[PDB]
Amino acid sequence: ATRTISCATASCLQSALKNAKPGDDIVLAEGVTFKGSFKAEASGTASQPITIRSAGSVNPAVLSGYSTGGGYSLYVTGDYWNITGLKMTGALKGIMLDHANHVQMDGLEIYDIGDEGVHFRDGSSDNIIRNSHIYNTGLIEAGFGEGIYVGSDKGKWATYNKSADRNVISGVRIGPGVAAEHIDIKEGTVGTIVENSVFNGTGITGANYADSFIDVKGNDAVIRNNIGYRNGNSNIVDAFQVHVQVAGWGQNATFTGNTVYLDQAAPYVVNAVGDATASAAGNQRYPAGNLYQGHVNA
Ligand code: NA
Ligand code: NA
């Protein structure tokens, strides 16, 4: 690191973020809860990232908001942050990224969130969340309780840049207690990857159409080598869906190598609705039952 800033109070962290520089290593004391609405605004580079991390993993540092009904645990608006080994809780959103790029989130535990756990928004691209667990979301609004939310609905494209592109979700556990989709990939996004992840469907509510592990409304999504457990939750109607919200979106979704445990024969593995298009290969369904619906090239 170029500079080490060791913090054990919220005031220390707030100051370290305000004064953040490329190459900073902001190291948060184990066992401490840092309460605030913390803002990661500066930008690093690939060679000089800005790091916020827990000092160790026995008792990770916690970033808490003030109330599940407001704010965020962390709001990232700059590029080239490494956010590592932290817990995030106690806010309306866990981590919100606005126009933030090349952010690496690793080893996070994000839980007890009013709305959505992680949201890539306003053009935030080329980011990764890996080796993390998101659970207990949608405590305030179930229908806004996604685990991971990529991009913006069409009604917000005039407000936020829709092109939250090439974001990667790798080796993540989502659920239980995630009230909406585990992953909602919005129209306007391109190239989202969801890989090597595990979906515990207990707690998906069905609110606001949220009745699958993943809904794919963006393009060029790659959904590979994941495991989904419906766990008898009747609110889950399909493992994965693809929808067209705007013509030419919900296109070219690829589903390979996934294994889904859907309890009964009725849920589909991939339900590509209407004009949506997908390709599928190597997916395993338990028990025997419905596989693909729609324009699915199998
Ligand atoms: Na749905
Ligand atoms: Na949703």
Side-chain angles (χ1 to χ4, degrees), residues 92-97 110 113-122 124 129 134-157 159-160 162 164 167 169 172 174-189 192 194 197 199-219 221 223 226 228-231 233-246 249-251 253 255 258 260 262-264 266-278 290 292-296:
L92 188 68
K93 324 290 191 185
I95 307 178
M96 178 67 69
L97 306 95
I110 303 172
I113 302 301
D115 292 352
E116 71 275 21
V118 176
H119 192 153
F120 301 96
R121 197 173 69 181
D122 195 25
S124 291
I129 182 165
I134 301 165
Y135 62 100
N136 290 359
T137 59
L139 299 189
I140 293 287
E141 199 66 64
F144 300 160
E146 297 82 1
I148 305 174
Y149 193 125
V150 192
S152 295
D153 184 82
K154 64 185 178 181
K156 292 290 178 59
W157 288 5
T159 301
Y160 299 120
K162 73 190 189 192
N167 295 302
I169 298 153
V172 179
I174 311 174
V178 168
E181 299 88 353
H182 288 195
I183 308 168
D184 191 1
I185 301 173
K186 295 300 184 188
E187 59 269 33
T189 70
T192 306
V194 180
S197 294
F199 311 130
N200 179 343
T202 301
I204 293 182
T205 62
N208 193 28
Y209 313 99
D211 62 6
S212 62
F213 306 123
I214 306 179
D215 193 11
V216 182
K217 283 156 288 209
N219 287 0
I223 311 300
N226 304 291
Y229 298 105
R230 179 169 173 278
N231 290 336
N233 181 1
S234 295
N235 297 304
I236 296 172
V237 169
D238 298 305
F240 310 125
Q241 298 172 346
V242 195
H243 290 93
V244 183
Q245 299 314 100
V246 175
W249 293 92
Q251 303 297 313
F255 297 87
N258 300 286
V260 295
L262 300 177
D263 308 299
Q264 61 180 210
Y268 280 81
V269 179
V270 180
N271 185 8
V273 179
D275 293 323
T277 59
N290 286 336
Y292 307 130
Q293 196 176 15
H295 298 85
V296 183

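Counting from 1, the numbers follow the sequence of the chain as shown. Counting convention: from 1, in listed order, for ligands and their atoms alike. Below, all heavy atoms of this structure are taken into account, side chains as well, without hydrogens, waters or symmetry copies.
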Exercise. Would you say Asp211 has an N, O or S atom lying under 3.0 Å from the Na ion (ligand 1)?
Worked result: yes
For this session: Look at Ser212 and state whether any of its N, O or S atoms is less than 3.0 Å from the Na ion (ligand 1).
Result: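 Given the 3.0 Å cut-off, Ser212 does not count as a ligand of the Na ion (ligand 1).
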Exercise. Are more than 12 heavy atoms from other residues, nucleotides or ligands located less than 6.0 Å from atom CG of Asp275?
Worked result: no
Problem set entry | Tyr135 atom OH, neighbour heavy-atom count above 12 within 6.0 Å | yes
Out of the N/O/S atoms in [X], what is the name of the one closest to the Na ion (ligand 2)?
| X | result |
| --- | --- |
| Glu146 | OE2 |
| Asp184 | OD2 |
| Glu181 | OE1 |

Answer yes or no: is there a side-chain heavy-atom contact under 4.5 Å between [X] and [Y]?
| X | Y | result |
| --- | --- | --- |
| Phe199 | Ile214 | yes |
| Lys186 | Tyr149 | yes |
| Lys217 | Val246 | no |

Exercise. Side chain of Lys154, backbone of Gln245: donor and acceptor closer than 3.5 Å?
Worked result: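 A pair under 3.5 Å: yes.
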Problem set entry | N/O/S from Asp215 sitting under 3.0 Å away from the Na ion (ligand 2) |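 Here the distance criterion (N, O or S atom, under 3.0 Å) is not met by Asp215, so no.
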Problem set entry | Opening angle between O in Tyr209 and OE1 in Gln241, taken at the Na ion (ligand 1), to 10 degrees | 170°
